[PDB]
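Only one chain is shown below, in structure tokens, and it's the form deposited without L-captopril (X8Z).
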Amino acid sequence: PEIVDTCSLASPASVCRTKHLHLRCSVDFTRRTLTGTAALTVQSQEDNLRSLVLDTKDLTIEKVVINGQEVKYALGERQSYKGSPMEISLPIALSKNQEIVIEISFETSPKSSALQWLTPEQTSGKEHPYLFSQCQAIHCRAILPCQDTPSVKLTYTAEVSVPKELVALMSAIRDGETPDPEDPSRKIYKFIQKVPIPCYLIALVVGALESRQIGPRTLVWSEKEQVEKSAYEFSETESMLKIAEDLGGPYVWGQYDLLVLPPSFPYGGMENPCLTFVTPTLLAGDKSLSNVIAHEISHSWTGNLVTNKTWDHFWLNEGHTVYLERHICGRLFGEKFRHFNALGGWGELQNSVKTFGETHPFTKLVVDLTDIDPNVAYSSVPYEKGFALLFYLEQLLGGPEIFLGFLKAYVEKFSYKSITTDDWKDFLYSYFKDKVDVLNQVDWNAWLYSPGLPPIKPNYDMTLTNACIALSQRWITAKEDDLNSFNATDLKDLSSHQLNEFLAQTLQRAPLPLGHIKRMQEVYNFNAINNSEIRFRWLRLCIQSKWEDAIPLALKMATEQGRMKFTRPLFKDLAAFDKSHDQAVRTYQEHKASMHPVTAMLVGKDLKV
């Protein structure tokens, strides 16, 4: 049979497809285990199907029951990061389209790569522990046995037993709570996901969670320490959803809840269906970062509804998501702003290609992950090279309203399906058959299969960017004789996004003489800004130019939150600044117990402890 996805060891979708999962499990914080049963409804695509294979990783299997009787099963040899295949002998031979229910009793490993267990000290509230999953790309197989490939999409229902003081949430619609009948110290939370999803979008959180309703289809959830601030910061979520619906078609998932993770959370957002994960570093206080969740909102069409069939084609997901997201922001702030964000994106692609090297296989849009762990293959290239291809095509084919018609038709065509780059390109050619002569001038080989920068750069409106450049080239090429020439007015017409962009361009040419940065503080007072993006780049600029006043401010930001994007480079700068190195090592030791274990480990490695 045709093998779809080489990152999966399970029977491929051409042989059988999982249609539904019923998960009944219990979360044990003492053992750091999930225990229970996974009932998979599986549909055969062949005749005479007598066995099938599932992905697993570090699972303990107690038994497999089919039609009331335990069945034989065998775990195969482990294949590195893919885990161990689990072969199940069926009690009957299945015919094409025939279905069977397979109930696997399992327990996860405390070292499960999919499950992040936090100690009380690593939470906001400091009393209760906390659990969150992170299945993308191929970690769902370390939670339960499955066809762990986005080429298969299933619905699911779940029942999750947790200590009664805690709350469970999942990538699904909440479906009620009851006391656990087998244990009065525990509650059972139920969930239902009626839209078929790839299993990497199965997600679970258990913790001391509270909610605020902020829209007809939106609750925000967090620990009590963050929930009120979060309800304000993200109060415009519903208006963003309505904009996304206008751009991409109906939102099919029912609810759109938000979860603001604990400060120790080392990552960015995650587009879990019905429950977007939000990093708390977006809590700027002025909503200047609230539009960032337009990324996860957009995945509800591009990635979650139309999905990449394998991880080689992940750019189809991220690329179309960034394209939709930049349209949401264009609706909110204007077309000039969409071009501002697009041009910044091109800059990030330049940096990514330079970091990897322009011949590196990961700077291709379509990547071959045959012998590469997809869990460690993420970069900005699918995001920004994919966006650039779509923005180039938009300009080639008659502009944004016309290409937005293509986007809507593409979503409608492939909703609830999983597709490859060739499926996408075939549909592009079909939709734009009236313009094939134009499409045939595109260097598809270069764009899709070649490393490095794209062969053509799109046309970017420069209005909002030129402002930041103008001021950037003024500070750098200045002497002590000119520092008095700066004043607050220099920032009068610059948005928070433009402030961020100015600091980005200024940091890129660090160090600045101390007189300049001292002046820059005197007139601009960047010490006062709380926007995590702005505060980050500013503090790096101060340390990399050896200002004493900045040492305590950077140490504070580096330990108050654990997002790797900020915490790691800050400790790197503080370690590299000889004046602060000793203090940076000492502060790390004092706070490392409250960090996420992976942040604690990598900063320790950087600090050479």
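One-based numbering along the sequence shown.
Only in words, not in the display: the form deposited with L-captopril (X8Z) bound, which the text now covers.
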{"query": "Option from 164-172, 141-149, 375-383, 391-399 whose residues, in the deposited complex, bring a heavy atom within 4.5 Å of L-captopril (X8Z)", "finding": "375-383"}
{"query": "L-captopril (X8Z): the contacting residue among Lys572, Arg32, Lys546, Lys565 in the deposited complex [heavy atom, 4.5 Å]", "finding": "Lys565"}
{"query": "The single option of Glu296, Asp257, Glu233, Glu223 touching L-captopril (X8Z) in the deposited complex, heavy atom within 4.5 Å", "finding": "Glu296"}
{"query": "L-captopril (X8Z) contact at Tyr524 in the deposited complex, heavy atom, 4.5 Å", "finding": "no"}
{"query": "Contact of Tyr267 with L-captopril (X8Z) in the deposited complex (heavy atom, 4.5 Å)", "finding": "yes"}
{"query": "Proximity of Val292 to L-captopril (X8Z) in the deposited complex, heavy atoms at 4.5 Å", "finding": "yes"}
